[PDB]
Each structure stands twice: as C-alpha cells, then as structure tokens.
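Colleague: A structural model of the following input is requested.
(5 chains)
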Amino acid sequence: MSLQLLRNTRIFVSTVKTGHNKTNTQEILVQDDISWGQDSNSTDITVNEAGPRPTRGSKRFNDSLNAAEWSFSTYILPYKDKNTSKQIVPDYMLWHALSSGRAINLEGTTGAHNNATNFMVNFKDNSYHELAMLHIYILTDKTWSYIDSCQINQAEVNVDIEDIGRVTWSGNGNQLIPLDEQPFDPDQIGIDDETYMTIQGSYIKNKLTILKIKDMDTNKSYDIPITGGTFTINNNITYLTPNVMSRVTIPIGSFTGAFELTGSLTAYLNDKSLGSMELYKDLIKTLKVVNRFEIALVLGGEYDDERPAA
Amino acid sequence: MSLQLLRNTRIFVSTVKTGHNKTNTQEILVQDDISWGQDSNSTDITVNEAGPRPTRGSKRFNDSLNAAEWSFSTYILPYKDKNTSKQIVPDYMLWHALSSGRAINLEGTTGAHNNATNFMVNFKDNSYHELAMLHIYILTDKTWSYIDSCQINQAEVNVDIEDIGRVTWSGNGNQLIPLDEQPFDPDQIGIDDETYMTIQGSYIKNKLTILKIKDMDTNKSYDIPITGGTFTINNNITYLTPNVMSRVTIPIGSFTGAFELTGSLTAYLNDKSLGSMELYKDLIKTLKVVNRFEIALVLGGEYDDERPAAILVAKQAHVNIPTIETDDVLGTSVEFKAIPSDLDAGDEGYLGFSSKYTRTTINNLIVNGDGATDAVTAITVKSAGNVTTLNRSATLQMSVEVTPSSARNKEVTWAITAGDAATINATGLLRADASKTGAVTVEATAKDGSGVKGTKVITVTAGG
Amino acid sequence: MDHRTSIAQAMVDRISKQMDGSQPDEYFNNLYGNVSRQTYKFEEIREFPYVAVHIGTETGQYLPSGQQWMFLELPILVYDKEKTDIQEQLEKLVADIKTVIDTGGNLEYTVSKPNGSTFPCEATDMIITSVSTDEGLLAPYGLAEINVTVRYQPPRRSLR
Amino acid sequence: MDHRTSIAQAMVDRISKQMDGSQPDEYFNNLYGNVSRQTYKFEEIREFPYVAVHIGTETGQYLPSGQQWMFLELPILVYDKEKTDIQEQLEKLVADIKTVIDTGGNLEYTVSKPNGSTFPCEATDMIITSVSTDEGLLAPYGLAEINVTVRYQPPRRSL
Amino acid sequence: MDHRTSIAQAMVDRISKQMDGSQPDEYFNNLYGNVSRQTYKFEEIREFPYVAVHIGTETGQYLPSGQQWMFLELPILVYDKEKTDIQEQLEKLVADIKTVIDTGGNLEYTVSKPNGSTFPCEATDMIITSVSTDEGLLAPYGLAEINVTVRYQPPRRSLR
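Modeller: Numbers count the residues shown, from 1 in each chain, chains lettered A, B, ... in the order given. I have put the structure below:
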C-alpha cells in the first residue's frame, strides 16, 4: 500500500513499443504543469408519453472514447553531446515529431537534424497525413502507464513570464493503456547524472530576449525591446473515430490539420526612430492587404562571447 | 419603520394552505445559502424605417412571469420522535415531496416511510406528472411571503466540504405572493425547544464517510477511501406556461422530467489490492458498454456502537470510465448514474437515516432496503444425519442452517459445482447414481442476495 | 446559553472515565484520575503524569433559522517526569489522548438550566488543530501543547 | 496514534545507518553513530561533528474517509568545530544531510501498539523547505538548521 | 547535495578576478583582491574599500521529474572610507558590482564531490532584488547593502 506522488513522475518518449534503447527512447524532464487523461462520451435515452403516471427513468450507454489528451512543459536546453560532439536538446524526438513524419534522422537536412554548430529543426518535409507517431510512457512512483499513439498538436513558447524560457507541448492519444510490468530498465534508459550535469549549465534566461524585425518590402530594420511575447506551432490535429453503436470503439486514425506558426508580440511606445512608434505609424498609415515581415525572436540574447540562445 | 435581516428568516413547509397544524405544516432549519425570487420576461418593440429623421424610440411590454425559484440547505438530522418512538428527520415533508406524489404516509412502504429502526425514503411510486405540491411559507423578521405551489427539483449532497453533511434543495414556484397577515402562530407550529435539544446531538460528520462499492458483474468488493464526492437527485421539472399576449400570465402547470440519481466520487491512487488502482485497471481494460455496480455511500461511517449515519443505496448503478486527476497527490474521479432494473420500475435507489445505525443494521439495510428486516450473515451446510460421505445409488437430503436466527430469508438455493457424482433439487434431496467415482461438493446461494457461501466436500465413491 | 465550563467538565470526565485500566489493549497509560479542569501553577503540581484542560476564547456565528454555531477552543496541556525519557512518554500520552478525542461518540456535557434541572447534551464534533511540544523546558519535566476546537451548538434561542 | 517520536527515531537511525564508512564515495562525513534526537545544551556536546533533531509543531487536516494529513515538522541542527574551516565542513555536513534526506526510499518509521503490535509504516513526502545557518557565534563553533516537513498519512484505518 | 559556500566562493572569486585594472574602460575601481567570503567584524576590517559576501538562507522547490530548484540569498555588503565623499564612492562601487553581476556568463562554481574529484559547474541565473544603503553610520565609514538571490540547480537526485 502506497500513494503516488506527482513529484515522483518521469516521462519517457519512444518511437516504438519494443526493443527500447537509448536511441529509440528517452526521458524528458517535465515541469509541475503536467496533465493527462482520457474522457469518454455518453448517451442517455429517455421516454416521453402523455399517459397518466408516466415512465420517469433513463439508461446510460457508453458509446465511444475520446482520444486521450496530455500536456507538459520542458525547458529548452541545448548542449553538446560528447558522443557526437554536436549540439542537441534533451527532448529532440519531440521536436522531430512536431516537425516531420519521416523516420528521425539527426544528420539529415530537414526536420530535427542537428549540426556541429547548432541543433536546428526545419519545418519543411512536414507534409504528411500523420506526423511521426510517438508513444508516451509515463512512470509515476512505481505504476506504469503509456499512451498508444501520440502526435504533438501544439508547442507554445511564452517569454513574458520572467522565469527561464519554457515550451508547453500538447497532443492527443488513441487510448491510455495502463501497464502492469515495467517496459525497460529506467536508470539505463533515463538521462544519466553526467548528462544532467552538462545540461544544467545551458539554461536560457528570458531576461535577455532581443528581437529583430525588418519590413522586406521597405527594407527597414526596427529596433524593438519586447515587454512580452509568445509563439505557438499548431498542427490542428483532428482525430477520426468510428461510429459503431453496439460496441464501444476507439479513435483509430488521425488527420493533420493546417500548419499555423502563429505568434504575438508586445512592447512599449518609443519615439526614437525605428522604434515601436515608427512601426505602429507605418503599419496603420500604409494599410496594405498583405505584408512580408522577416521576424526573428532571439531568446537569451546574443553576444560576442559564446552563450546559449534559442 | 424597520429593516429585515436574513438572520431572522424562518422557512416553513406546508402541504395545504389552510387549517395549518403540526402535521400538515412544519418548519425546516435552513442555512445562510438561502435565496428565492421571481423574475419576469419582457419584450421590447422597436421600428426601423429608411425615412430621413427616423423614429428612434421603443416601448416595453410585460408579457409573462417566470416561475419562481428558490433554494436552501438543511442539515440531515435523524432523530427519534418521542410521540411515535420512530426515527425521523426534521425535513421529512421535503423528502416526501421529492420522492412521490401521493399523500404523505409515514407508515407506508413507499416514499417517505419511516421505521422504528430508521427513516427511509423510497423512490418507487414516484411516477407522477406532478410530484407532491408544497407551499413554502417564508417568515422574515415580521413580513410574510409564500410560494403558491412548488415542486422540489434538485437535492444536492456534497461531502468533500469538511463541514457537517448538508443537503441543498431547489425547486420552482408559480407566484411569490406576499402575505399581509400571519397564517398561523409560529411558536406553536415551529419546532419547540425540546425537539431542538434532541436534534443537536444527532448531527452527521463527513469526517467519517466510508463507501462500499462492488462490481456485481465480477462480484468483487473494492476498498476505497473517498477524498470527495457528491450525489444529486434531479427531477428535471419543467413548468408549462400560457402564451397570452394581451395580458400578463403565470405558469399554471408542471411536467416532471426524467429521474436522475446522478453522483460522483473521487479518491487517491492506492496500490493495495481491491483499491483505487485495481478499479482503475479493471474499468479501463474491460471497456464494456454497460456496467452494473452496487454503490453504497455511507455518510457518518458505521460502527459497532450505535451512531448516526445517512445512507445512499443505488443498486445496479451505472459507472462511467474513471478519469485520472493530477495534483500534489494523484487522484481519480468516478462519475456514476443509478439506472433501474426496468425503466418504469423506479428502483433507482433508496436512502436511510437514523441516529442508531449499526454495522449489522447498515448491512441489512443495504441488502434488503430496510433497517428493521435482517439479512443472512454466515451459512453452513448440515447433512441429514451429519454424514460426511455417501455411497452410490443413495440419497442425502442435506439440510442447512443460516445465521442470524432472525434472518428474513431462511430460504437458499442449491447447486452442485465441483465434480459430477450427485444431483440435488430445490428440496435439497441430493441423489447419486452408478459410475460415480469422484468426490462432489454442494453449493448454496442465499435467496436474499446477501452474498453468503456455504461449502462441503462429500466423498462419494464406489462404496463398499 | 453558554456551557464553556460544562464542556470542559465533559472533556475532563471523559478523560478520567476512559483512562482507567479497563482498556489496556486500546490505551497506553493510566492517569488514575489525575485529570483536572484547572491548575494553579506548573510548579504547584505534585503528581505526574498530569493533564490540564484549559479554557480559551469562544468564537460564534449566527445562522438564518435562529441556529447558532459557536466554536470553543480547548487547549490541552500534559506533563510528565522523566521516568525513562520525556519524548517517548509524551508521545505515548499524546497518542492516547488523540485516541480518546477521536474515537467514541460525541462530547456529552450536562447543562444545568436556571430552573435547577440538568439535561444531557451532546456536542457536534471535536477537531484538533495542532499538537505542539514546548521543548527546551526543564529536562525532567516535559510538556506537549495539544490544541482542540470543540464545535458545539447551544439551545435554540435568539428567535427575534 | 501520532508516531511523532517514532518519526524522530526513524530520522535518527536513518542518519546513523547511512552516512557511514560503507559509502564514502557518496557522502562526505562519518559520524560513528554520533547522532541523537535528544537536544542538549550547546556547551554540553562531547565531540564534533554532532547532529540533533527537534520535533516541531504538527498541523493536521482531516479527510472525509478518516484519512488524516499530518504535516509534521522536524528541525535539524548540526554543530561542528572549526578544525579546518567552519564554512566548508558545515557545507559538507548539510550536503550529506540533504543527500540522505532525498536519496533512497521513504522513511520507515516503526509504529508501536499498546499490545506490543509493532509493524512498520512509511511517510509519503520529504521536502527540505529551507536551509539556513547561524553566523557571528564563536568562530570555532558553527550551526546550520534544516527545516524538513515530513508529511505522513497515519495508518488511520487501524483506529 | 548542496554548494552554498561553493556558490559564495565562486561569486567572491569572480569579483576578485573581474575587478583588477584589466578592464579600466568597463569598471571604475580596483579592489586589488580585497574580497572575502567572511568578515569577523566591521570594526575588525582595516583596508578599504572592502566588500563582504555573506550567506543567507536557501529556499527549496521540488519539480516532478526529480529536478530541484534552489534559491540562495547572497546579501553583499560593501564599505568605503570617505576619501572624497561616501555617497559617490558607494555609487561607483555598487555600479561596479552590478556590472560584475549582470555582465558575463553564469556563476561558475566548483563542486567538490565526496570521491575527491571536483567538477566545473554553472548556476542558472543571478537576479538582484534590491540595493539598500544603511545611512546614518559613521561619516568616514559607509555601507551599501546589495541583495542577490542566486538561482542554482543541484545534481539530479531524489529519484525515489
């Protein structure tokens, strides 16, 4: 007899269900905002006839099961890997799944492919009816539970919060299957002490978040100090499920929606030329149907000295 | 000149409007969550024309009047009444109104019928287009206001709140009519001091709220300590109203909706067998269309000593799929809805209240629906002549003895489960035949559904 | 309609009646009736282990129907001479008192009415807030502050 | 059914068993069993380093099914003499204390019953909310206090 | 696992090596290595200007994945003898310390492991809360209290 404490939950992400290894599976550090579950639909049938002494009653039927949901926040932690001497991030399968649908290939030129200088994810080659499938293995205390097939639906990055920059993932899953026996040795698979040692010296502070923005049509660069901002990558994943009435069913497939790299900014008014006031004036006066602005958000700032940044 | 303070409001309930007496009228102690009123509909007609210098203006017409609303919370307070020496609760008129539509009859066997052992409300005999009609008389300070004809619509029971268990009533009324003169002497009608003294020593604590839950499909009993929960009884009452335009009207009639003994539960994750983990795993893995769970939520817990408790019984209660909850400590919430054996049967569930609820009493109530009537606890099988063996082509009309001796259903069923060496009938006449070289066992199942088992292995062989 | 001293007397007599050796398998110690509603001074006391029931403030609430919720605070003090070790003995005693205060029924106090007649009465519930130990005191003489807020409802009045 | 002093003994023997010469690569200091929940006068200590445990206040919240949430508080104090440097050895001591608090299984505190029915039980939580040390005292002497809010659910079902 | 004094030593040595005259165009003064992690007494000090790095409490937070946030308070005191005027000198010195604390990388402290091996480590960020001046002190002796809360994360542990 024991109670499961949220402080004792570790999240793993594997591209397959068997033959787990350090390459095809890994643990991703999760912040206190962790949530998962799987709600269900329900139809209740009742009757209405005008006869005296009516039939007051109803019966409930379980029809289907909504695709599981989930969301957790992980800090962005670039670092060099001794094995490959190339920059990587801990949760790189997550980025790969959010990007492409082809098998992960770090050395490639699209999607979650790293480089000696830096690890960069390229959203080209994301045309796929189903992005790369991930199964989220959730360990808490000692119980074992995993989600069959997950596809990341949203990655929200918020900078206004003064704390270190974080990313809020979110997706969906077919069915939350609890597990009775361990799938793999956690200590071997999970990130070892040395990797944590190396990583902790790579956090990125939003205290230094410079932004670059230039109006391509006018070729003018605006000097803007942000006060807050966000940007999210949304796939608008829709989960398709059958509609059998007699037997309870499960969402079998998924269709990727429309890519949306939506984002937002905010700043104070600054009369100095090429400031916020200048941009506001230009945008309001010009009043064009469409615009072409090259926006760059530089979390953690840049400097002559070598330092982390996303 | 004076002001009216909510602290000086007394809520009465009467089944009639005249000849008020202690039987046809009663006072119910309420809580600070008391609210009532009667809002009105309104239509505004305006015009839109293209002429220069338009006609900017409008006029408002009072069309109808929505049925009144109201809601108060009263503590569940079982106690014995010296006049009748039977368990009752102060707001028994309210329970009767929520239950049935026939005239209140405490001695009966349906609806708000009390018993010497305990006071029970039975939801059978609630098939009525209009439940029992009450007229709430509200006394505040000195002004009088009453609601013509109201029918209870919801009764919410929340246990998570640490305070003593409370019930939130709610309903609707035709027309909140103010009253210019007192209807009856309040002091005589209202609960006297002695009854209050008797009541206060019978409050119910949610600090002790044990729950029993068993999957009647698998006959497995789970051991679940709750952290919060609730159950609401809803009648989905709707109020018909005329639609005359020239004059303002009032809702005249009512149509009871669909019964719904909906409720919910929540608990921490416990790895011990037959705990919340086990229920989670069963319900998620099995994934059945329908479920048949016998849910018993026992406010005030049970004890060998006599102590108060309020009891909810929902036989064959449908259960939804549990949803894990994430916080400082993990927890899972289970939502359930009590479904009947048949749509018109009306056996969704029943309740029990009493100050003297004992573990034996509570179990017999659960398995019979009444405290007074007992139930079988332990069963053993006694063979005719106390024989532990039998030869082929011989009959053994083995008998049985139940416990306690006061069980109402002394009759039990007969079954041969393990082995094929003898045949028994309803009478209990166990019979063997030739070519029976294996030992057999005889099983019994109580007719009352208590869940008692009696085993005996008889070595029936080729004989001498 | 106050019963403060009555509530304290009920608690003290419960302690006394439910501390004898009649339940050795349920309780640890046996105060032998060394329980009182008041103490003159820690120094004044002579016999140990000794438990003191104090009287505190009495907050109140008012409810619409003329009811009256009133919460009474009942700090309880215990003492013991170090026969073997203060900590373990005080733990034993405090666990025993917690068992006395959480098990059983309700606080039965007798209210003496102005007419001169005494009626049995019962509190609603008894919840302990916190148990604190005043460490650093004289080594042979220990102390454990156990605070309780007895919730009791008086005879109905204040109709007008 | 508090088991407060049972928890204190759990702490004292936990520290004693751990932080021994068996595992020096993991923890810095060795105490040779020099740890006790009994507080003494500071001048009275015999040898250093020495660690003492205080039993603080114990708040409680009830739950519907009899479950109780007791947040017992155990201040931890350490004393040492400036043999090489107060700050460094005190740091090593506090780091070892934190490691033993976090690493390993939960508390295993013995529950003693009136009828000698002793069986084991365990807490659920162990968080070192705040660590602080005293400064300006006799330079040879040092003091660091650890605030551990051991949160434990008593085996109420026994009653 | 703690590195409190290790953090203080890292900050003090950073002050030392980033205050020489190697950056006259960025920093004002030159402490000439007159920086220490502990002071016996304000009166005990002899050479000015002198900056003292103190050790405060350390609040703790626990995150689900076994991570561990530790917030360490690092009050820093400075002193200066009134060569021209206390106010301006303390302003110059506090500006120097703010530059030292807001420019450059992260707090590089060395964590000595029990096995006997020391590994380089880096704090996450170093945010100051407020700067305070204890005016009214002896005129030739000034004081400026600059408060910092270094946010550092220890080696991963507490898995179970």
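Colleague: isn't residue A:184 up against residue A:25?
Modeller: Yes: counting by Cβ atoms under 8 Å, residue A:184 does reach residue A:25; the two are 7.0 Å apart. Every residue, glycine included, has its C-beta placed from N, CA and C.
Colleague: need the residues that contact the longest helix along chain A.
Modeller: Secondary structure of chain A read by DSSP state H shows that its longest helix is helix A:276-286. With Cβ atoms under 8 Å, 6 or more residues apart in numbering or on different chains as the test, helix A:276-286 has contacts from A:213, A:215, A:218, A:220, A:222, A:224, A:267-271, A:291.
Colleague: what's the spacing between it and its chain's center?
Modeller: 34 Å (Cα atoms, centre = their mean, to the nearest Å).
Colleague: alpha carbons of that helix, as CSV, please.
Modeller: The C-alpha coordinates for helix A:276-286 follow below in CSV (Å, rounded to 0.1, in the frame of the first residue of the first chain):
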residue,chain,number,x,y,z
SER,A,276,7.7,50.9,-31.7
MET,A,277,6.1,54.2,-32.5
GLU,A,278,7.6,54.2,-36.0
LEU,A,279,6.4,50.7,-36.7
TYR,A,280,2.9,51.5,-35.4
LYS,A,281,2.7,54.6,-37.5
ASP,A,282,3.9,52.8,-40.7
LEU,A,283,1.5,49.8,-40.2
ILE,A,284,-1.5,52.0,-39.6
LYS,A,285,-0.9,54.6,-42.3
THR,A,286,0.2,52.2,-45.1
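Colleague: what's the burial count for residue A:118?
Modeller: A count of nearby residues for residue A:118, using other Cβ atoms under 10 Å in any protein chain shown, gives 12.
Colleague: check contacts around the nearest residue to it once chain neighbours are set aside.
Modeller: Spatial nearest neighbour of residue A:118, chain neighbours left out: residue A:87 (4.9 Å); criterion: Cβ to Cβ, 6 or more residues apart in numbering or on different chains. With contact taken as Cβ under 8 Å, 6+ apart, residue A:87 is in contact with A:78-81, A:114-119.
Colleague: could you dump those to JSON lines with distance to residue A:287 and secondary structure?
Modeller: Formatted as JSON lines, the contacts of residue A:87 follow (distance: Cβ to Cβ, whole Å; DSSP: H, G, I helix; E, B strand; the rest coil):
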{"residue": "A:78", "distance to residue A:287": "41", "secondary structure": "coil"}
{"residue": "A:79", "distance to residue A:287": "46", "secondary structure": "strand"}
{"residue": "A:80", "distance to residue A:287": "48", "secondary structure": "strand"}
{"residue": "A:81", "distance to residue A:287": "50", "secondary structure": "coil"}
{"residue": "A:114", "distance to residue A:287": "43", "secondary structure": "strand"}
{"residue": "A:115", "distance to residue A:287": "41", "secondary structure": "coil"}
{"residue": "A:116", "distance to residue A:287": "46", "secondary structure": "coil"}
{"residue": "A:117", "distance to residue A:287": "41", "secondary structure": "coil"}
{"residue": "A:118", "distance to residue A:287": "39", "secondary structure": "coil"}
{"residue": "A:119", "distance to residue A:287": "40", "secondary structure": "strand"}
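Colleague: return a ChimeraX selection command for the buried portion of these.
Modeller: In ChimeraX syntax, the buried subset of the contacts of residue A:87 is picked out as below (16 or more other Cβ atoms under 10 Å in any protein chain shown):
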select /A:78,79,114,119
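Colleague: and the helices in chain A, which stretches?
Modeller: Under DSSP H, chain A gives helices at A:92-99, A:186-189, A:193-200, A:276-286.
Colleague: surely residue C:90 is in contact with residue C:81?
Modeller: No: using Cβ under 8 Å, residue C:90 is not in contact with residue C:81, being 11.2 Å away.
Colleague: in chain C, what residue comes closest to chain D?
Modeller: Chain D sits closest to residue C:91 of chain C, with a gap of 3.8 Å, by Cβ to the nearest Cβ.
Colleague: please apply the same query to the stretch 101-250 of chain A.
Modeller: For the stretch 101-250 of chain A, Cβ to the nearest Cβ, closest residue to chain D: residue A:141, 9.7 Å.
Colleague: what's the distance between that residue and residue A:1?
Modeller: 12 Å (Cβ to Cβ, to the nearest Å).
Colleague: helix or strand for the residue of chain C closest to chain D, which one?
Modeller: According to DSSP states H and E, residue C:91 maps onto helix C:86-102.
Colleague: now swap in residue C:11 and tell me
Modeller: Secondary-structure element containing residue C:11, defined by DSSP H and E: helix C:4-17.
Colleague: same thing with residue C:121?
Modeller: Counting by DSSP H and E, the element that carries residue C:121 is strand C:118-122.
Colleague: hmm, that strand in reach of chain B?
Modeller: Yes: applying Cβ under 8 Å from any Cβ of the partner chain, one finds strand C:118-122 touching chain B at C:119, C:121-122.
Colleague: nearest to chain B among these?
Modeller: residue C:122 (3.2 Å).
Colleague: residues from chain C in reach of chain B?
Modeller: With Cβ under 8 Å from any Cβ as the criterion, chain C meets chain B at residues C:62-67, C:104-106, C:119, C:121-122, C:124-125, C:127, C:153, C:155-156, C:160.
Colleague: in ChimeraX, how would I select just the buried ones from the residues you listed?
Modeller: To isolate the buried members of the residues of chain C next to chain B in ChimeraX, using 16+ other Cβ under 10 Å:
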select /C:63,64,65,66,67,106,121,122,124,125,127,153,155,156
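Colleague: near chain D, list only the ones from the residues of chain C next to chain B.
Modeller: residue C:127.
Colleague: do you know how far the residue nearest to residue A:118 is from residue A:114?
Modeller: Distance from residue A:87 to residue A:114, by Cβ to Cβ: 6 Å.
Colleague: among the residues of strand C:118-122 next to chain B, which one lies nearest to chain E?
Modeller: residue C:122 (44.4 Å).
Colleague: please enumerate the strands of chain C.
Modeller: C:35-36, C:50-53, C:58-60, C:70-73, C:76-81, C:108-112, C:118-122, C:125-133, C:141-152 (DSSP state E).
Colleague: out of those strands, which gets nearest to chain A?
Modeller: Minimum separation from chain A across the strands of chain C (Cβ to the nearest Cβ) falls at strand C:125-133, 22.5 Å.
Colleague: buried stuff in the closest one?
Modeller: C:125-128, C:131-133.
Colleague: and the helix holding residue C:11 with strand C:141-152, angle?
Modeller: Put simply, helix C:4-17 runs at 120 degrees to strand C:141-152, going by axes from the mean of the first three to the mean of the last three Cα atoms, to 10 degrees.
Colleague: and the contacts of helix C:4-17?
Modeller: Contacts of helix C:4-17 (Cβ under 8 Å, 6+ apart): C:31, C:33, C:35-37, C:51, C:53, C:55, C:58, C:72, C:74, C:76, C:97, C:100, C:104, C:107-112, C:121, C:123, C:150, C:152.
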